[PDB]
Structures are given as structure tokens and as C-alpha cells.
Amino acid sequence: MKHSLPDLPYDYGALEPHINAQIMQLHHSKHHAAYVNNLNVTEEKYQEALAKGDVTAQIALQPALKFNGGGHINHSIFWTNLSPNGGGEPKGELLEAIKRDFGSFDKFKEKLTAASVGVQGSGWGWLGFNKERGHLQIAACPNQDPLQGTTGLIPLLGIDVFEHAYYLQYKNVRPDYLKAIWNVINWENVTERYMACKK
């Protein structure tokens, strides 16, 4: 069973002017394509090392597995977290959870923006669900370290703050990118992920 690059759910220019078409095409067709391919190569090497009991080889593969596997995990969620139909505020139970856990939607936006801008180097800001506590939680992750695999939190909304996610359009001004991306957040998808967490 081989991982595959999911198609983007919209056209490359569908998020303009907030994220331009050149970024979207590079981010999906170059960056994510590389994560998927490198992940499949690493998984095959890991299976061979596992069959031989070569623990040294398994451990040597860990950085590539986490970076490319995390890349596949994170970007697969990210594309569904964005939409030309996005923006605005969520509704229903997700909005009530946001108000309850963060005070208000705007306070939530400030907290997730702060986590995202606060990443030094490459990384991600996340809104997650803490299954044990039964409430929302914000965390930042370094590089491609994925949220569920490294924290146990269920990913609801992720913000990529690798420079390749914004640099062509916003250059060094990452806060301008964070300002723009709220306009294309697919709250329908974040709600779907949130409702799946509760039963």
C-alpha cells in the first residue's frame, strides 16, 4: 500500500489574492509531491530494516520518516483546511467550543496567530482537539512534526509557516500572510474534523 499525492480540491488560483497561484502550484506539485515520494521510499527502507532486525538502520531513517511523513500528514490536512468558500467564522458546536475554550473567536485567532508567528525556523501552528480533556487546544510544532503523532492532539486546523508557504508573496512579513489566510479558512472542513472527535 503506497501513499499518494491527493489532488488539490480547487484551482491553483482559487485562493487569490490571499495566497497566490504560484505558491499554491509550487506548494502542492513540488513540495507535497516530494514529501509523498520520499515517504514511500523511507517506508520501504524501514520495512527492509525491520525484516532484518537492523535497528541502527531504523533509527537512521527516523528523521526522513518524520519530516516527509509529517509533511504528507500536515499538507494533506492543510489543503482541506483552505477553500475559496472559506473565511468568516465557524458556526454551531465548533463556534461554541471556541468561545468556551478561548473566550471569543477573535481571542482564538490571536492565540493561533501568536503560535504561528512564534515559530522560529520552520514549523506549523495548530488548532487541535484534546481527546482526554474533551476540549480544544492550540500547539505549535517544529519542522514537519505532525500534531497527532507528537502530541496526541487531533488536528482541526493547521497553518504552515515554512517560508515556502508565503515568501514569494509576503517575503519576510509572515504576519501579513497570517492576516490573509483567515480569509480562506475552510470552516466547513474544520467543523467536520471537530464533530468527528465527539461521539
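Heads up: residue numbers just count along the shown sequence, starting at 1.
Quick one: say whether 162-170 or 137-145 has the higher mean Cα B-factor in the deposited entry. The entry gives the higher C-alpha B-factor average to 162-170.
On average, which has the higher Cα B-factor in the deposited entry, 95-103 or 124-132? Comparing averages over the C-alpha atoms only gives 95-103.
Options 80, 85, 113, 74 - largest CA temperature factor per the record: Most elevated C-alpha B-factor of the set, per the entry: 85.
Using only the C-alpha B-factors in the record, can you name which of 153, 61, 33, 50 has the highest? By C-alpha B-factor in the record, 50 ranks first.
CA B-factor placement of residue 190, once the chain's modelled residues are sorted into thirds: According to the entry, residue 190 has a C-alpha B-factor in the chain's lowest third.
Place residue 45 in the lowest, middle or highest third of its chain's C-alpha B-factors, as listed in the PDB entry. According to the entry, residue 45 has a C-alpha B-factor in the chain's highest third.
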